[PDB]
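Take a look at this single chain, the form deposited in one PDB entry, given in structure tokens.
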């Protein structure tokens, strides 16, 4: 099955309203930059962003020029002429609109509140999809909290029911309308709905993990924002999942959630696979097409794992654009984020940056010895390991933010496509390294095991293994006289 390659196409309202493909000073990344070759390398483009308004319906930004918007969307759907499997999804939400303190947060919370609000909301999603010509619905609420989860689930189920009906009504059996969400790629946010992951994922074609931004100026120590595996020399974190509303025992929580742990892409993927009913094929690994920059770092480890003096606030609370050589940073008044495109230019420019590689995390980073700068980003090299991991772990594919940050030749996108599909690319010998793997074990990833059948009336010592009701169980203490499942002295440790 072809791996999904989902790229976000984000365009601010002001750019839509002034849309042009001949002046990058107004629209830096027009749809025409998505050449036929690039359209063939994508399976999905997530058009973004739409929102949920006070009327609790899916809708464009009020300031949007509709004829302009439709024309932009039509240019994107026209790309399908180059790739019959291509889908132009539209995404609702994103951090700005939907974070707890975001301008539209209330609408997300209220829209999923009742059977009626959900019905109205779900209907608007499908209506918007059909009217503008999109191929699916993607919801990026960052993120529903514990009490809002059931409503969120019910809303996704409603959208799924309606989409499946629309696919039949439109004869799209060959390319069904889809439903996806951008899910948390770190344990802290994931813990909000983690306990109901199976229900959240059931109505979806894919759950696209934002397995990046795992480091940022809000953190005291600089770190890789998307390390595939862990580096013991880097910071470790409190494992928030052991505090999720799971209802599991101390032993169960502890073995599934070691704490502290390395916040990596592998951690997030494994944490999802630990839950039963969460199929690997629906998990999509997100990767960033931009780097995060920090200033005020010291030496010793190339800028890694150092204290820093980078403002964490949004908007950038200053006019000091200190990321040397970063022109886009001045355009965007923020030296803390730089697109791969810009980073590549900074490296070939003799600005003082040294590209280094951490072979445990399997990611690159820049260090500016003279000015004390550190940049954590991804490139075609780090993508080799992520792509192999996606294949080895049987994941659904890759998602990335965002298309306008790839270089002009579309090299990052082309690398991902190459790793999955080129007949002449062979990663059978690519060494995945010794970086730390997430070792938690949960109900969803129990190892296959064998054990004598449990015998009613038998007394077992501590550590005894038996098979019962399809699983292998082990005693937590001694003199066990009851059966697995009826006696809380037994820990389920294997399956089959």
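Numbering follows the first chain given and starts at 1.
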Could you settle it for me: does 425-433 or 62-70 have the higher average Cα B factor in the PDB entry?
62-70
Look up the CA B-factors in the entry and say which stretch, 101-109 or 84-92, has the higher mean.
101-109
Can you pull the Cα B-factors for 409, 350, 165, 157 from the entry and say which is highest?
350
From 358, 342, 270, 117, the top C-alpha temperature factor is at 117
Third of chain Cα B-factors occupied by residue 138:
lowest
Looking at the temperature factor on the CA atom of residue 226, which third of the chain's modelled residues does it land in?
lowest
Taking the entry's C-alpha B-factors for this chain, is residue 249 in the lowest, middle or highest third?
middle
Would you mind checking where the Cα B-factor of residue 330 ranks among the modelled residues of its chain, as the lowest, middle or highest third?
highest
Third assignment of residue 379 from its chain's C-alpha B-factors:
lowest
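Keep in mind the form deposited in another entry is missing from the figure; the text below concerns it.
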Among 327, 305, 166, 441, which sits at the hinge where the C-alphas switch from fitting one rigid part better to fitting the other, between the shown form and the other one?
441
